[PDB]
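Read-outs throughout are calculated quantities, based only on the coordinates presented, and are distinct from any laboratory measurement. Cβ: placed from backbone, ideal geometry, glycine included. Neighbour counts: every protein chain shown.
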Amino acid sequence: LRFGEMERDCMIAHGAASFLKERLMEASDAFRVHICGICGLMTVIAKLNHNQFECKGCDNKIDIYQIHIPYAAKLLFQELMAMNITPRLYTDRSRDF
Amino acid sequence: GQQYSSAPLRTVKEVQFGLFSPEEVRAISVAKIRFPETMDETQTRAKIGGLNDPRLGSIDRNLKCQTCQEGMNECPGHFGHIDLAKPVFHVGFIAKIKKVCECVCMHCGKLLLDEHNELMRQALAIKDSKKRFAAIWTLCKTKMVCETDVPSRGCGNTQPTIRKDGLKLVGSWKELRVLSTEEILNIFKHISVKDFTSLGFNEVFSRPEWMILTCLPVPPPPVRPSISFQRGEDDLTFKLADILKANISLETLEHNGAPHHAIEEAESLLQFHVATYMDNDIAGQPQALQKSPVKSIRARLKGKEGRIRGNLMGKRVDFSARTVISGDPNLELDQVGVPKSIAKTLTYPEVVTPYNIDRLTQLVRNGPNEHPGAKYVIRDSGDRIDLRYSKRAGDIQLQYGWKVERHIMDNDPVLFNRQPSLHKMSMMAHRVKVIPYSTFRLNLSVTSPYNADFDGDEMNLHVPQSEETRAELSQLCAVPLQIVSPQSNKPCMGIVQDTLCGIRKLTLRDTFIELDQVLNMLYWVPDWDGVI
Amino acid sequence: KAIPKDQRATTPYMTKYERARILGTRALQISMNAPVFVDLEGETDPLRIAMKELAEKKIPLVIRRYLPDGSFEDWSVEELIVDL
Amino acid sequence: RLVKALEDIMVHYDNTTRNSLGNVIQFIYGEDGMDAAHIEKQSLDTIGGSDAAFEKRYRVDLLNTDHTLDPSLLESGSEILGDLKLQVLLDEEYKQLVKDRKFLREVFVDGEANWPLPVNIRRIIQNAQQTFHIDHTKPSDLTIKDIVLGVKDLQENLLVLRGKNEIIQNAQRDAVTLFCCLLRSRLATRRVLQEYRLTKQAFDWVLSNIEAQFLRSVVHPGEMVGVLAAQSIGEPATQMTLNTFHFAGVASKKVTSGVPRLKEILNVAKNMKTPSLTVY
Amino acid sequence: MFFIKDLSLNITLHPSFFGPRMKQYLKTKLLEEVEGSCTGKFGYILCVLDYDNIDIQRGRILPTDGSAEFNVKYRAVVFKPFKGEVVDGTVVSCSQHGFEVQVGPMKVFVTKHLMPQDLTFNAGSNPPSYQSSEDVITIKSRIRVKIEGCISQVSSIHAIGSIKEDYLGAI
Amino acid sequence: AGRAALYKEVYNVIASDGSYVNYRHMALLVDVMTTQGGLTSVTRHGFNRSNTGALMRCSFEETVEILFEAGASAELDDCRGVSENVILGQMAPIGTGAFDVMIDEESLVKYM
Amino acid sequence: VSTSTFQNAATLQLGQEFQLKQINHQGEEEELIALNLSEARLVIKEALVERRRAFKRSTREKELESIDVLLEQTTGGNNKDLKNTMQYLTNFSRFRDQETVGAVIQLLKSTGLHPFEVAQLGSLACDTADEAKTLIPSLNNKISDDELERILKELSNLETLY
Amino acid sequence: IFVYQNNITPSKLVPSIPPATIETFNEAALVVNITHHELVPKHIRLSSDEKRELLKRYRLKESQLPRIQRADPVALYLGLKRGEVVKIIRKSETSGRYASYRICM
DNA sequence: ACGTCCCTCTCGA
RNA sequence: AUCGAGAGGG
Ligand SMILES: Nc1ncnc2c1ncn2[C@@H]1O[C@H](COP(=O)(O)OP(=O)(O)OP(=O)(O)O)[C@@H](O)[C@H]1O
Ligand SMILES: [Mn+2]
Ligand SMILES: [Mn+2]
Ligand SMILES: [Zn+2]
Ligand SMILES: [Zn+2]
Ligand SMILES: [Zn+2]
């Protein structure tokens, strides 16, 4: 069944901060992509059974992290990449405010 | 699942929106898109070194990627590229490509009006985001010449009434010229570092020069799969062959014999394929059809459904339920009568802990077909161990730390629901109470907050897969917890119909009970003090 | 870069959301085979196991209330109240 | 439009209804930093009614043989009658009472006395009474020192924001404000002894019961008070028009200056379809 | 060379670890990873210094998971070779086109085209040696090599060296 | 002076159909609209044009082009918006995710 | 997980990490740590003994073997790299007792030359500058030869008799 | 403050006397005072030290504060400059005396 | 410019 | 299977 918009609402109302993260990640989607500490875009090569992570283009095999995002988003982000707008994903920060 | 990855696991903190350098593309790319044929070396179930997995990802479930040697369920997709024969407008930046031709000298490429001019030095400090853009536009679209110095800023030519007639830019001079992309970019490329920065751009993430597409991102198969209907590629696959067919023709037109009025059309058709694959609800246009309209990226992402209002701000969920809902005087407020057949198929991860192990081993050793059974059970190697079938389902003594997806049983933190669903009071949690017949059964006095009734109404049911979430649903979204509504700061539940209709029949002093019947009443109160 | 307790200001009571995440959190841990502190008076269940811990403030946890500007006042479950 | 407009909006930890950027929408949710559930609608006896019988409830004069507390209403009866080191506080009191009888007639012009506020006082007394069992014949055992300087302390504690400086404080006395007028109205040095018959313990229970029941009413820093508002205003409206086919037409169902009148408000738009100055 | 940088390490344990000597396991879990390693950023992470006074900070409990993350800020000894840093070392692998040398935990290699023109290699010797006019390097000898280039290959970092330029070899 | 009239003109349609609500809610919205300078509206171009989060907005009426001006104006998303998390599958800074829990050995040897 | 931080030739061209102005563990602009094979050697030993002290809280080529016991005791054998290093230092470090090293250190950074010269100067035993400033190219103009050799002759003095 | 009783055109020179900006009212809108209205709360001018005191106590950056605009009937009625703040004090049906804050651009 | 939430069927390229 | 159109259920 669809846990819809109309309900994301009703739960936000309740506080249920991580049970909301379950129905959206465990109980559907969910993933494991490899991103980059430079190009904020799922692009590195996951040769795990060998532990070789590369992101040629920005030639580095060190600055490399890992994420738990919905396949959907993953898509949305590949889709935005075709229309040529890079949605770099970062884990550091620089605002604060 | 997915395999372990010795990478740092973090979460996402910033989301840096940028624009693809035509050179980031040419770089991050595995191979080079050339042929428009899908995986037809030979109609053979093997792909082709032109399009579709030249190292971009595999299409058949039983083969690996020719780059990341992983197995589809954990190969996310790789990007390639197509080199364009002549630069092209981006369907979306179009008006805001003009809107900066409307702001710089299309010959030497410095701001029309610079640090001299009261409303330019006053716009030029609007440190607000792009509002300084807008004001720098309105206050530039008019000055149609450069300057020698004026009461020295260099060229001194003149600017055109640039206006947009579908996909292309025309520009008069009082002599009528049409703006060519191969020029417009060379005016942007020559825009000065200071210029686009106060104007509305960025020194690395979004140069303006890159609202002109020179290199094209080739999204991989997961974006645009194929399905066995012998197969059948995806609207975005076919379109890109049309682009790589609309490109090639133009590649050679401008190579062997160059007859101006031939290349003039196929480049305004290549920029038609490029533009149509991203937007397809354009201003005029024909709405390119696929021997039919044709899905466009933009429309996939659109509201209503489509990644944003459909596949993220909302999705569907495993572990969910449904049925006719009837109502039960012999039940408690905070529990919900879920039928067996849901409880036999409604699982729930549970860890192996000395406090229950002596229980889980009786459920396993029960099974999927019995009320308090189990439908799987997960070892440390984490491989799914199906009860329903596995030989060893017989014995299998459990090991601590394991997880036995078992059957949801009485009093379990459930997320219950009705569907209009526009407020908290209509997504309360309950205790389970597994019962017969196919119908959800709920206490008459939690009708209202859902505005539900017993004449055809289904209702939803969820089930947390953890512990903390159960706590979150027990200590926050409980039925008794929400007995008084914040909205109207009054109690949102209460006695109704039969109970209410006759509770006043009873609270008459015309209304008397005799010896026998009284006790029967007393007993029924589950917290009676047993004093007559 | 942090606050010192001497200058704390935020609610000294514990919030529906603090608690229910705290009861939740430990309860998950406990049922992940974690060292329990209060002494089981016979509890298979880990929500209750934790809840007893709660009623003996024998829970080694600090809530780190964050403020709008960025900085946070730490608050021991040992020290927060519990009324609600 | 409401919900993905409020969404973002939740009390913070310093008590500031805010957003995604850090910008206030309110310095105290509800202006009073109160959660809605812990709030009921009880009247303010210190406002409605004659200036006449106002004194006949609240004024007590120790310097007077006719307008004082006949010992039948407290132990220290004769040994107080006359006393004046105390009639200053009886004065100190009936002055704050009548500074408040106007401070309400300034905010609640309508002459409207019943309103919603934390702590059901009108209930907590027949809590104390029923519990401790009052005697409407044998007289109390409170000092006039007792009463009025307790009620004065109870307010000192009824927190809302905590904070060092006079800024937050001066915001503090603002939020508690309306409440306390409830308190003086009903923890009334005459009424307490005339009407309430309180013992000593009975009282400073009432005192401490209020105090928690109050610190319980406060809203809890986290409350998604935004997406909460939206549904509280949106809900009604949908079933202000999902239920007009129950009769047979009649009036203000869902097509008469209502659900659409709201359509105006949120969108603004200048072309209002029934403008009207109402000029006095 | 030989450095001392103040690094970090984020490690996480399962709930079933919070109660006894968390620090004792976390301390040893850090040593289980960092002690005996090599990267190019830092180089040969070779010895965690100041054991007892290492940090562990507060523990950040993970969300849907039940674990905890700890930024252990530890200071240690590092080793990073760089081009042109002449080292002094022992030989271990004698080939025909060049003899390898062990220096610290990293192995520097030499070529016969890098050794000056007087090293006529001798394969018929026990053990393998390289002759000259007066010197003779062998299986275990002392020599002054000059690093020319370095390459990081997984959990190590080898390098090539020289013996041609003056004030080298003469041990 | 408007705030109270906009409110009053909201109050008056809802307290019409009896119903009733509690100031705060309304007040919240009103204050949401007024605390900008002047009446910002509840509509794709009213409030949504705000400086808030990027994905945060692209969940309301205008959607793709939003990300478009974004990608090119090098926009930035804080990520402190609830919705950015939904989009991202992070627990969102919400009631039970407002704060953050931490252990401490010193309480862990006290209790041992 | 992998090991963070807080932030080319033999021309003092070092990484951003091995750049002089490097951050203290407490966040304050503190200089940088370059130390020679002896200045090494010991700072591992004394580091490796205070380990053994902790865990039991719950001379010629002779120093080769007594450290070999520690590296099988202190740090489990899981560490091939470190074994060979305590080895390497013992036979190639120039100074035995801590008195002498401080002295060297004290006479080294009088000169105020770069740590990597402080380091590599007390390590390659150099008879003249022509050998000193060659294997150590960076000096060149930084130190008069004479003055460098007054130092390099003083190094020559303090060599502990192995 | 220069009052004109019917009309003034551009001939635009007001802001050319640093340091002195001059307000310019009109008798058509001055005749009846807006501030005496039932629904016009008491805005109160805050100093440059009464400002940097709200901006630390409530842990703000200027941005984050609600706003009043330079042309706001009242701002003009006290001639509020940009960066000036205000303490709009009002009866409330809840608090009984809420005390908002607005800055001015 | 978007145009209430969800759900069950049945049928033509 | 996918998109497109159609009738009903709260
Ligand atoms: N078009 C609709 N949109 C949203 N909800 C609806 C709609 N139609 C029905 N519902 C839901 O169904 C319920 C009421 O519809 P229903 O016709 O069952 O009412 P009813 O009063 O039983 O019918 P009757 O009016 O004949 O007695 C409410 O909870 C309402 O939200
Ligand atoms: Mn019905
Ligand atoms: Mn119905
Ligand atoms: Zn990169
Ligand atoms: Zn792959
Ligand atoms: Zn020019």
- prompt: Within the stretch B:93-100, can one find any residue that is within 16 Å of DNA strand I (Cβ to nearest atom) and either part of a loop (DSSP other than H, G, I, E, B) or away from every other protein chain (no Cβ under 12 Å) (or both)?
  reply: yes
- request: Go through the stretch B:427-459 and count every residue that is within 12 Å of DNA strand I (Cβ to nearest atom) and surrounded by fewer than 22 Cβ atoms within 10 Å (Cβ to Cβ).
  value: 6
statement: If we keep only residues of the stretch B:129-187 that are within 16 Å of ligand 6 (Cβ to nearest atom) and closer than 30 Å to F:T52 by Cβ, then the residue surrounded by the fewest Cβ atoms within 10 Å (Cβ to Cβ) is B:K141
- prompt: Among the residues of the stretch B:409-419, is any within 14 Å of chain D (Cβ to nearest Cβ) and away from ligand 4 (no atom under 16 Å from the Cβ)?
  reply: yes
message: Take the conditions within 16 Å of ligand 1 (Cβ to nearest atom), farther than 25 Å from A:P70 by Cβ, of a type in the set (A, V, I, L, M) and out of contact with any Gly (no Cβ under 8 Å at 6 or more places or on another chain) and apply them to B:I263. Does it pass?
response: no
- prompt: Going through the stretch E:92-110 one residue at a time, which ones are farther than 13 Å from E:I147 by Cβ, out of contact with any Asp or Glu (no Cβ under 7 Å at 6 or more places or on another chain) and in a loop (DSSP other than H, G, I, E, B)?
  reply: E:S95, E:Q96, E:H97, E:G98
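Return yes or no: is B:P480 within 14 Å of chain C (Cβ to nearest Cβ), more than 16 Å from ligand 4 (Cβ to nearest atom), buried (at least 23 other Cβ atoms within 10 Å of the Cβ) and part of a loop (DSSP other than H, G, I, E, B)?
No: the conditions fail for B:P480.
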Hits in the stretch G:1-42 - residues which are surrounded by 16 or more Cβ atoms within 10 Å (Cβ to Cβ) and of a type in the set (F, W, Y): G:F18
statement: Per the list (1) surrounded by fewer than 23 Cβ atoms within 10 Å (Cβ to Cβ); (2) away from DNA strand I (no atom under 16 Å from the Cβ); (3) over 34 Å from the mean Cα position of the chain (by Cα), residue check on B:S485 breaks on (3)
Which numbered condition B:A452 misses (of (1) more than 16 Å from ligand 3 (Cβ to nearest atom); (2) part of a loop (DSSP other than H, G, I, E, B); (3) not basic (K, R)): (1)
- request: Could you figure out which of (1) farther than 30 Å from B:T276 by Cβ; (2) touching a strand residue (DSSP E or B) at 6+ places or on another chain (Cβ under 6 Å) isn't true of B:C140?
  value: (2)
query: If you take the residues in the stretch F:5-29 that are part of a loop (DSSP other than H, G, I, E, B) and more than 8 Å from chain D (Cβ to nearest Cβ), which one is nearest to D:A251 (Cα to Cα)?
result: F:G18
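Of these, D:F108, D:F103, D:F54, which one is part of a loop (DSSP other than H, G, I, E, B) and either within 22 Å of the chain's Cα centre (by Cα) or within 16 Å of D:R186 (Cβ to Cβ) (or both)?
D:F108 is the lone residue from the list that is part of a loop (DSSP other than H, G, I, E, B) and either within 22 Å of the chain's Cα centre (by Cα) or within 16 Å of D:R186 (Cβ to Cβ) (or both).
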- request: Only residues in the stretch B:216-233 that are more than 16 Å from B:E37 (Cα to Cα) count as the first member; pair them with residues that are of a type in the set (G, A, S) and within 16 Å of ligand 5 (Cβ to nearest atom), Cβ under 6 angstrom, at least 6 apart or cross-chain, and list the lot.
  value: B:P222/B:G77
query: Here are some conditions: (1) more than 7 Å from every other protein chain (Cβ to nearest Cβ); (2) within 16 Å of RNA strand J (Cβ to nearest atom). A:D59 meets all but one. Which one does it not meet?
result: (2)
field: In the stretch C:2-54, residue surrounded by the most Cβ atoms within 10 Å (Cβ to Cβ) [restricted to those that are in a helix (DSSP H, G or I) and polar (S, T, N, Q)]
entry: C:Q29
message: Looking at B:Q271, B:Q285, can you tell me which residue is of a type in the set (S, T, N, Q) and either within 14 Å of chain A (Cβ to nearest Cβ) or in a helix (DSSP H, G or I) (or both)?
response: B:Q271
task: Could you tell me whether the stretch B:16-28 includes any residue that is assigned to a strand (DSSP E or B), away from ligand 1 (no atom under 16 Å from the Cβ) and aromatic (F, W, Y)?
output: yes
query: Take the residues of the stretch H:66-87 that are in a loop (DSSP other than H, G, I, E, B) and within 9 Å of chain F (Cβ to nearest Cβ): which is farthest from D:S20 (Cα to Cα)?
result: H:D72
message: So, in the stretch B:218-251, exactly how many residues are of a type outside the set (G, A, S), in contact with a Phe, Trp or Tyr (Cβ under 9 Å, 6 or more places away or on another chain) and away from chain A (no Cβ under 13 Å)?
response: 2
message: I'm checking my understanding of the structure. Among residues of the stretch A:11-43 that are within 16 Å of DNA strand I (Cβ to nearest atom) and crowded, with 24+ Cβ neighbours inside 10 Å, which one is farthest from A:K61 (Cα to Cα)?
response: A:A13
- request: Answer with yes or no whether B:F196 is within 14 Å of another protein chain (Cβ to nearest Cβ), away from ligand 5 (no atom under 16 Å from the Cβ) and under 34 Å from the mean Cα position of the chain (by Cα).
  value: yes
- request: Would you mind stating whether B:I342 is more than 10 Å from B:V434 (Cα to Cα), among the hydrophobic types (A, V, I, L, M, F, W, C) and either away from chain C (no Cβ under 13 Å) or surrounded by fewer than 20 Cβ atoms within 10 Å (Cβ to Cβ) (or both)?
  value: no
Scope the stretch B:457-477; condition of a type outside the set (A, V, I, L, M), within 12 Å of chain C (Cβ to nearest Cβ) and not in a loop (DSSP other than H, G, I, E, B); matching residues: B:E468, B:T469, B:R470, B:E472, B:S474
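Go through the stretch B:281-338 and give me each residue that's of a type in the set (A, V, I, L, M, F, W, C), touching a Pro at 6+ places or on another chain (Cβ under 8 Å) and either within 16 Å of ligand 6 (Cβ to nearest atom) or under 30 Å from B:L444 (Cα atoms) (or both).
Of everything in the stretch B:281-338, just one residue is of a type in the set (A, V, I, L, M, F, W, C), touching a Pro at 6+ places or on another chain (Cβ under 8 Å) and either within 16 Å of ligand 6 (Cβ to nearest atom) or under 30 Å from B:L444 (Cα atoms) (or both), namely B:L333.
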Near pairs, Cβ below 7 angstrom, 6+ apart or cross-chain, from the stretch B:58-87 (within 12 Å of chain A (Cβ to nearest Cβ) and closer than 30 Å to B:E182 by Cα) to any residue that is charged (D, E, K, R) and part of a loop (DSSP other than H, G, I, E, B): B:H78/B:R55; B:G80/B:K32; B:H81/B:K32
message: Can you go through F:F47, F:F68, F:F60, F:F99 and tell me which one is touching an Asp or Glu at 6+ places or on another chain (Cβ under 8 Å) and facing another protein chain (nearest Cβ under 7 Å)?
response: F:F99
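Residues checked against (1) within 16 Å of RNA strand J (Cβ to nearest atom); (2) touching a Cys at 6+ places or on another chain (Cβ under 9 Å); (3) charged (D, E, K, R); (4) within 12 Å of chain F (Cβ to nearest Cβ):
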residue: A:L20; (1), (2), (3), (4): no, no, no, yes
residue: A:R23; (1), (2), (3), (4): no, no, yes, yes
residue: A:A30; (1), (2), (3), (4): no, no, no, yes
residue: A:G37; (1), (2), (3), (4): no, yes, no, no
residue: A:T43; (1), (2), (3), (4): no, yes, no, no
residue: A:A73; (1), (2), (3), (4): no, no, no, yes
